[PDB]
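Asker: Take a look at this one; I'll ask things after.
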Amino acid sequence: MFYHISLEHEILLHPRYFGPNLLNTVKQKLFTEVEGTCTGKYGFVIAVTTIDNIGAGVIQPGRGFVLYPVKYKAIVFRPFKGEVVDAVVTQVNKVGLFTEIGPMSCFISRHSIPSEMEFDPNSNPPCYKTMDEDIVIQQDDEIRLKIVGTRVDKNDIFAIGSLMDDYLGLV
Amino acid sequence: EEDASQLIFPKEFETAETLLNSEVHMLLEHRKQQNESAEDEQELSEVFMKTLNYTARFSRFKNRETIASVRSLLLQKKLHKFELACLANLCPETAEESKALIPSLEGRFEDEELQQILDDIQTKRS
Amino acid sequence: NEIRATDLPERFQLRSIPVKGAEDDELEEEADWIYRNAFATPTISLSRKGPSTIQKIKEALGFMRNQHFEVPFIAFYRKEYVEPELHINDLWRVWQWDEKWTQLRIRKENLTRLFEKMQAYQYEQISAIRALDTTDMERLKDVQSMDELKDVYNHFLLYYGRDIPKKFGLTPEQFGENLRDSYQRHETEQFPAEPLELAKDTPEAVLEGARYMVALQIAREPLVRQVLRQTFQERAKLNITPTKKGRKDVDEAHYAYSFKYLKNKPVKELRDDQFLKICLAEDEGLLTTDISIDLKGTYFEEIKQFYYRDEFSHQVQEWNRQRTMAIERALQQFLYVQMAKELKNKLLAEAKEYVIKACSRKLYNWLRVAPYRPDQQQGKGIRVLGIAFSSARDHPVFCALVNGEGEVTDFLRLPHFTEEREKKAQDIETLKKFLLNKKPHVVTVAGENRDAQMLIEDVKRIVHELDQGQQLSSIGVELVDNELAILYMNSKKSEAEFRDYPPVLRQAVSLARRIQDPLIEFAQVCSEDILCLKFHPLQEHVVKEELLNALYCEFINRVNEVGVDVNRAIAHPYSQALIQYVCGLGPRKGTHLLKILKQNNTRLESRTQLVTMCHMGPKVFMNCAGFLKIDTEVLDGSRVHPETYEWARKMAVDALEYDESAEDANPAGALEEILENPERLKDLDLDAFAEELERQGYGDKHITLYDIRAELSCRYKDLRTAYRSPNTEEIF
RNA sequence: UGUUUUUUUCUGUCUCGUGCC
């Protein structure tokens, strides 16, 4: 789920960057350092909205590099277990379904899916229907799910969905 | 132990600020509008594009005033912050569906008290 | 067990996957579906005509469903029931059409069942803008309309509701009819009321409440899809024009970048020209593509008049405005987007078809077995001297002298080359020593650049001047492009034949095999192995599954036309594993037969070896009777199957004028004399043979008479082409 | 209508005595 929290970070600036654009250079470096990354503490970060302030640059002894402990006001996306969101199905396979929760991709197996949704390998587009063929679920459809698990593959979140609770499909 | 169903989160995340799909959508749209201008700038990455096309398919309302009103009419209640995003984003039809999806609502409030809120949310949709 | 010990052949089972056989009533439906879906956009099977083509397709489908017939088995064995040699893609096309008809029928049945269930549910609910279950019958009947039928079904589901417990403007049908006919027969809601009054009877206080409902009804209407379908897909002058970034990124490499201002490309350029479709798809992938018909601006204007009121005085004007708004809403919802999606799907299908056709043409051109045997037919075959040198610059060039029986006899190296800056004798001496070491039958030299060609020419000149071809005659070293031998040298067969050998020896062996029996090398490779050879750049854009299927069908047809030697795949590894692309003898069946032959040690005694030894089933034997060949009965190593053995013997006796007494082996004048050469052809009449087949046999022999006569006169006929010598451009 | 080479920081033990600012 997307959130707006206040984070902090420090970046060493090489002395060649000193000059009238010092603050601009620090901001530019901050933008291209904490956008799109991920961490196991705060989760996946989308982008930065604004910066609070620039700390006092403490020049290191015997080294020209100076660090600026900046505190930026950026957004973050850290999904938790039990949350329910609305994603879009990307691909349908007999092994399982694939979706895309924004910057993360989950996966639901046939076991999680009830027995009513069978396979349609004969038809060209992989899809799942029922005996009466009333409800139809395919790709590019806003289908909900439940985040029953979480995982971080070295700054690459990959949760797992489920389809056991009622009211999970076309709105 | 971290399960949002039972309303438990780490200490750092407890003091977070919730965001709605439309809110993040307009924030990213404005960021894109600002970044596209001012030439000689590093263009957006695939992450921004995927997030944009992901939040654009769930924008229940484009008007910012709609977001303001739906957050104002909701914050007056006694629900936690976590209940402000999922319920405002999914927009269930009946109170039964909302109670089923979110187990926290089971026994927290009456039936009509939640049905009226859901009807108001549905009407607020464009 | 089910693949090898099954009642029906492997090919027949694989072809009719979605449709497990064809019923008597379903044969006509499948034939109609195949004929309707045989050539819609391009001209294909227009050869066989419309009604004749449909009848032939139906006969082929019926034969496949009844006798478990296959592609080649029905194209050759059923030349009368199907197009008699109308085209190569006869059996495969018929199988595809039958599968498509069966799939369409199954989908229509499912849709009809769903519509009936929905109608019953609606009657149960509301029977205790209505919801009537009348469109289920139409959807079930719409078998040909696949995409349109699906759209209509989805629209019905979204309109009625789809829930499964356990007066605003013109009507949808009237609007659809008025749009399809081009004349607005029904106008909007001709009433004094306007959007102000209609927006108060839902609780929104907005005049756009009914517009959304009208748009949803128009988009989710099969009539609208049918009317829009084919209007732009039939013709769409796609204007190719690079963008600001595509002009420099494409560099005139794709379809949307080659023409800076070359627009107005109709559907013929994309569908017929698969290259244009592939280029558009590639350009539209990352940078951008210029795909716009630009013909609506006038197709969307005519619809505007229809469905709208003509008068304007409040009630009439309000109704006309509401109708216009609803039409605009429906168009924005599923009007332009639906047409664009349909055009994109059609373009992708055309590009895939063009890629598949190019791959099939390349496979047919490169798969024809055209070896260079002795005299272009002492000992069987010729000793191909595979010379696959590396550089020809003082490095060891592989030069293997393989025999004509699908095996390598010997080889050698030639490290000395013209290494030494000025040495015009060491290479000649090495070539002379290599030629004197063995007695090859032909020279098969490779080539990589000008130096390789010069080295090959020098070797050929040395061999011809000193009579190094056979030690007692000049042998012409036939040029061989380093295309198949290089790939075959580093294959599974090359590794198994020689493990402790350098790559030069493997390349020489592959080159020698490629110029002795291309069919053996093609059948003894994985088909992976075929996919290595690129048929065309446009095939990459299209799905490779279609190309692989076309290549497999072409290989199967070539194997059936040329036949398979039973003894060749018993002890010789080079000519083994050739029972994978036979008509009715699938890969599992061929592997099982090979294993049985290796275990029991059974030889190709006759055509009934697999029917008498209990190795192959009756359906398998019947479908693969025209493809299995043996070395020795008399009509075993030919296309004559057991059913036509008596007819062939009788025809041979009549043509040779010999005695008639249970001739299967004993009379050889009619068999051996006719096999040696044509004895008497006027004795055997086509009308008499056909009459005999019809009276006794239960089948006309008008088309099969020629095939039977050819089999009796020539056994084990090869369908491969001749030896193609490299040309100037081809050599380069 | 041609022209032969590419591998690199090693490393040593514990004890006693003598001389020098």
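Residues are referred to by chain and number: the chain letter is A, B, ... according to the order shown in the structure tokens, the number counts from 1 in that chain, and ligands are numbered separately from 1 in the order shown.
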Residues of chain A within 7 Å of chain C, counting only C-alpha atoms, what are they? List them as a ChimeraX atom specification.
Answerer: /A:122,132-135
Asker: Counting only C-alpha atoms, what are the residues of chain A within 10 Å of chain B, and for each of them which pair of atoms is the nearest and at what distance in Å, to one decimal? Sort the table by chain and rising number, as a tab-separated table.
Answerer:
```
residue	atom	partner	partner_atom	distance
A:1	CA	B:19	CA	7.9
A:2	CA	B:19	CA	5.7
A:3	CA	B:18	CA	5.0
A:4	CA	B:17	CA	5.1
A:5	CA	B:16	CA	5.6
A:6	CA	B:16	CA	8.6
A:28	CA	B:41	CA	9.5
A:31	CA	B:42	CA	9.8
A:32	CA	B:42	CA	8.6
A:35	CA	B:47	CA	9.0
A:36	CA	B:47	CA	6.4
A:37	CA	B:47	CA	9.7
A:41	CA	B:12	CA	9.1
A:42	CA	B:13	CA	7.8
A:45	CA	B:47	CA	9.9
A:46	CA	B:48	CA	7.3
A:47	CA	B:48	CA	7.9
A:48	CA	B:31	CA	9.1
A:49	CA	B:31	CA	7.7
A:75	CA	B:24	CA	8.9
A:76	CA	B:16	CA	9.8
A:77	CA	B:19	CA	9.9
A:78	CA	B:13	CA	9.2
A:79	CA	B:4	CA	9.2
A:80	CA	B:4	CA	6.2
A:81	CA	B:3	CA	4.7
A:82	CA	B:5	CA	5.0
A:83	CA	B:4	CA	5.9
A:84	CA	B:86	CA	7.1
A:85	CA	B:86	CA	7.2
A:86	CA	B:90	CA	7.1
A:87	CA	B:54	CA	8.0
A:88	CA	B:54	CA	8.2
A:100	CA	B:54	CA	8.2
A:101	CA	B:54	CA	7.7
A:102	CA	B:51	CA	5.2
A:103	CA	B:51	CA	6.3
A:104	CA	B:51	CA	9.7
A:141	CA	B:57	CA	10.0
A:142	CA	B:57	CA	8.2
A:144	CA	B:90	CA	8.9
A:145	CA	B:101	CA	9.7
A:146	CA	B:101	CA	8.8
A:147	CA	B:3	CA	9.6
A:148	CA	B:3	CA	8.6
A:149	CA	B:3	CA	9.3
A:150	CA	B:2	CA	9.9
A:165	CA	B:101	CA	7.5
A:166	CA	B:100	CA	7.5
A:167	CA	B:97	CA	6.7
A:168	CA	B:101	CA	8.7
A:171	CA	B:92	CA	8.2
```
Asker: Hey, can you check how far atom CA of residue C:437 sits from atom CA of residue C:513?
Answerer: 20.7 Å
Asker: Would you mind listing, as an MDAnalysis selection string, all residues of chain C that have at least one atom within 12 Å of chain B, where only C-alpha atoms are what counts?
Answerer: chainID C and resid 202:206 208:209 212
Asker: Next, dump the selected residues to file, keeping only N, CA, C and O atoms, as a compact mmCIF listing (two decimals), in the first residue's frame.
Answerer:
```txt
# COMPACT_ATOMS: atom_id res chain seq x y z
N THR C 202 -31.30 8.76 -12.92
CA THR C 202 -31.43 8.35 -11.52
C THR C 202 -31.06 9.49 -10.59
O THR C 202 -31.04 10.66 -11.00
N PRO C 203 -30.75 9.17 -9.33
CA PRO C 203 -30.43 10.22 -8.35
C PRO C 203 -29.02 10.76 -8.54
O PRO C 203 -28.08 10.49 -7.78
N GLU C 204 -28.85 11.55 -9.60
CA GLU C 204 -27.55 12.09 -9.95
C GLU C 204 -27.60 13.60 -10.18
O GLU C 204 -26.64 14.32 -9.87
N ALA C 205 -28.71 14.09 -10.72
CA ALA C 205 -28.86 15.50 -11.06
C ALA C 205 -27.95 15.91 -12.21
O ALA C 205 -27.55 17.07 -12.32
N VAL C 206 -27.61 14.96 -13.08
CA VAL C 206 -26.74 15.20 -14.23
C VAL C 206 -27.42 14.64 -15.47
O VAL C 206 -28.13 13.63 -15.40
N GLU C 208 -25.99 13.31 -18.07
CA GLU C 208 -25.22 12.27 -18.71
C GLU C 208 -25.50 10.88 -18.14
O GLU C 208 -24.76 9.94 -18.42
N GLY C 209 -26.57 10.74 -17.34
CA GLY C 209 -26.88 9.45 -16.75
C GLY C 209 -27.25 8.41 -17.79
O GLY C 209 -26.75 7.28 -17.76
N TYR C 212 -24.31 7.04 -20.44
CA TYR C 212 -23.49 5.89 -20.09
C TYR C 212 -24.20 4.58 -20.39
O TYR C 212 -23.60 3.65 -20.93
```
Asker: Starting from chain D, keep only residues with some atom at most 10 Å from an atom of chain C, counting only C-alpha atoms (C1' of nucleotides), and report them as a PyMOL selection string.
Answerer: chain D and resi 2-4
